[PDB]
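Shown here is one chain on its own, the form deposited in one PDB entry, set out as structure tokens.
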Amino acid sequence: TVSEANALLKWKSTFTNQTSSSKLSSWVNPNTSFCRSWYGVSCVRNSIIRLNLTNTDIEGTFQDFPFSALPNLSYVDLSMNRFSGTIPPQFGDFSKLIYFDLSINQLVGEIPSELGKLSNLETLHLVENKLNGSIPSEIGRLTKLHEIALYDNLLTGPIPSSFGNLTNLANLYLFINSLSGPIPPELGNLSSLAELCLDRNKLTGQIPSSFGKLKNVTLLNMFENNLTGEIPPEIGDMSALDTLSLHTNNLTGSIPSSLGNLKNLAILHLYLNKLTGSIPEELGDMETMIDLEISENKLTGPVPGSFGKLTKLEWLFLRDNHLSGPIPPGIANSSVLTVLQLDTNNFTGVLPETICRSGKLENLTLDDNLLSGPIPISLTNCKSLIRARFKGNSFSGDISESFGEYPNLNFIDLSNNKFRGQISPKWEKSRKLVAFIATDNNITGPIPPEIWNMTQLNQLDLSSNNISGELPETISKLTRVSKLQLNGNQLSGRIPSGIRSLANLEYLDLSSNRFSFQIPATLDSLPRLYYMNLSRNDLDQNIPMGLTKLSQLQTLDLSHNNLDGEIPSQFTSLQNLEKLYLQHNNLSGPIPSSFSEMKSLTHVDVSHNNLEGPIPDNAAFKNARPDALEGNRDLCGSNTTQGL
């Protein structure tokens, strides 16, 4: 003991970057107070049995640790320190050791197989180091082990089959590592196992069919491995399971119907695999299921109608599969279902009337299916909606009657459907709505002016519809819009000057419309605008000077209009202009030949204009095709179509 105190002092004397304020200040007077006042030291019969120096800012190694001098150690916690070097084999010499923790440290090298000498060890903790090499097989000798945690290391090789001999192991955590090879089937002998976490490794091979003997495992995390084969139906015999996560693997075959026998399973993660076949209707018998995610697979056929029996279902992720048939009503019938994502499948028919029956549905994704028919009325009145995506379907109906007021709506996408009718002012009640996308529908009538009062709107896409009327100057109220797409409609009259005020505008498209008269001379106040498409309109007269004061333009398309006069020399301030399309206008005069100053002009079309003179000195004019430069009155100094 005084010998133990002296030995520990010699070890302390090797620590580096220590401070006067370190808790090891109490290591004084070895002859009298080793067992009564030394921090981290506790004794029985005046001999140290417990060394607990966790989180004491110790920087050092275990090279000079006095293994020989502390024979009676049974509790060693040296975690959360700055220990470096390796774990010496002499740690296996502490024959009374029960608890061993060296976890949050900077240790390197392999685990000494001599740890298998620690026959009294019940807890082994070495997490969050840089330990490499294979896990020693002799660790399977430690039959009193209750818990092994080796996660967040650089361990390689297979899990030793000897671990099947650890009949008292409750928790096996090995997750953040590079463990390899097949999972040893002997793990099925761990009858006391409760938590098995092998996730985030490089495990290959099949899931052992012996896993069905693990009747006390509640958490089986094996996600983010390279497991192949099919999910063995024996997994359905792990009756105590509440969390089964096998996602991000290379599993194949069908989902075993035996999963329906897991009456305690609340979380099932099977996504990001290559599962095929139909979803067994028995999967509706997992009465406890909360969070069911089998998305991103190759599942086919219909979703079983028996899903109506999953009364605790909250999250259902079936996106990116090949599911077919109509969506059965039981799929949305859970009173607590808040997320129902079905997008990127082959669902047909109309939406079931059960969609928002409880008024709790929040996120609904249906993108890229073959669905049709009208919006069910419980969805029209789903006041709890937050995110609704319908893009790429054949939904039909009066858009004003099909959608109620959605006060919690954040994101809605109606793109690529057959919606008719006029945009209702009801959308202004969505005061949190940031994006409203309705491209490629049969919307008609005017844009209600309430839309411009939606100052929170970040993205507005009404493109490719049959919307008409003149845009009012109150459009300026869309303070925070950054993507504005009204192209492909029959909007008429002058472009409102008020677009000047949309300071956050980045991408503006008013092309393919019936806007007439001069482009607003005032339109020079969009410093974030990198894209402006005014093409295919009825705009006339000289190109306004204001456009040249917008700095960040990358693409500018004013083609297919009746603009006349000369191209401004004062384009020079568009040093970031890359693509410039001015074809099919009535522009005149010479190109200023200050376009040599323009660095980034690569794609330019000036065809079918009344311009004359020589092309300027920059790439796009050299790289222009005949169509790009044709149609002008007097082209080039030597009447050329290519090569000066």
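Sequential numbering from 1, following the sequence displayed.
This protein has a second form, the form deposited with a partner chain bound, left out of what is shown; the following refers to that one.
- Site residues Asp101, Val127 and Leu219 are all in contact with the partner chain in the deposited bound form, judged by any heavy atom within 4.5 Å.
- The shortest heavy atom separation between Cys197 and the partner chain in the deposited bound form is within 4.5 Å.
- Contact annotation: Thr54 falls within 4.5 Å of the partner chain in the deposited bound form, judged by heavy atom distances.
- Using a 4.5 angstroms limit between non-hydrogen atoms, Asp237 is distant from the partner chain in the deposited bound form.
- The closest non-hydrogen atom of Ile495 lies beyond 4.5 Å of the partner chain in the deposited bound form.
- Screening 449-457, 501-509, 148-156, 312-320 for residues having heavy atoms within 4.5 Å of the partner chain in the deposited bound form returns a single hit, 148-156.
- When you look in the deposited bound form, the only residue of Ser79, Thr380, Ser396, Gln341 with a non-hydrogen atom within 4.5 Å of the partner chain is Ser79.
- Put simply, of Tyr173, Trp427, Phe411, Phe94 only one has a heavy atom within 4.5 Å of the partner chain in the deposited bound form, and it is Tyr173.
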